[PDB]
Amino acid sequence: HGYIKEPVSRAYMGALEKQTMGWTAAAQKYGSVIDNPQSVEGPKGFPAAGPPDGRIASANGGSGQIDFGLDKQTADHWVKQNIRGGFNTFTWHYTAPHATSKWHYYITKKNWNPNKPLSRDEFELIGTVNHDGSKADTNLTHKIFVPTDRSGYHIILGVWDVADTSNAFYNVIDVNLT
């Protein structure tokens, strides 16, 4: 269990807005993840397996831990944060830093549609971080190259695969590129 804390994942942004907008208004926007941003947990094996299209952002309800609120997708729904193309760091906060096989990061394609449910074929792999099966917190922060050939609203997906179970954690990040 854990989430991407910098940049702010959509799930963590939910937890943050619980504090500013209050429980009901935040949950109306994000669903029940606001209480448990660390629990966006689904099957591993992405992209050939894993959570189905339209259920990527919620990891198909976090294996029962959250609802499907994160799966909403419009151009205007989510809070974007600015990020510059090029090398960036992605830091996870772990409530339970399980043994880890890898992390893998994807970005939306130049021509993606921000008003449709997220699908695999809208993402491209941008970096993979191999791990030796030790705990996740032996490598908290990853340096990933974000493509420099696209701008505006994009989604970075980070995926954390657990070494010793069939699970992974899926955190989408809403960004305004350059």
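All residue numbers refer to positions in the sequence shown, first residue = 1.
Stretches 163-171 and 13-21 differ in mean C-alpha B factor, with the higher average recorded for 13-21.
For the pair 114-122 and 36-44, the record assigns the higher mean C-alpha temperature factor to 114-122.
If you compare the C-alpha temperature factors of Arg150, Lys29, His131, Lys143 in the entry, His131 comes out highest.
Residue-level inspection of the entry shows that, of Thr74, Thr91, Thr108, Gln81, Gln81 has the top Cα B-factor. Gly69 sits in the middle third of its chain by CA B factor, as recorded in the PDB entry.
When the CA B factors of the chain's modelled residues are split into thirds, the value for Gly62 lands in the lowest one.
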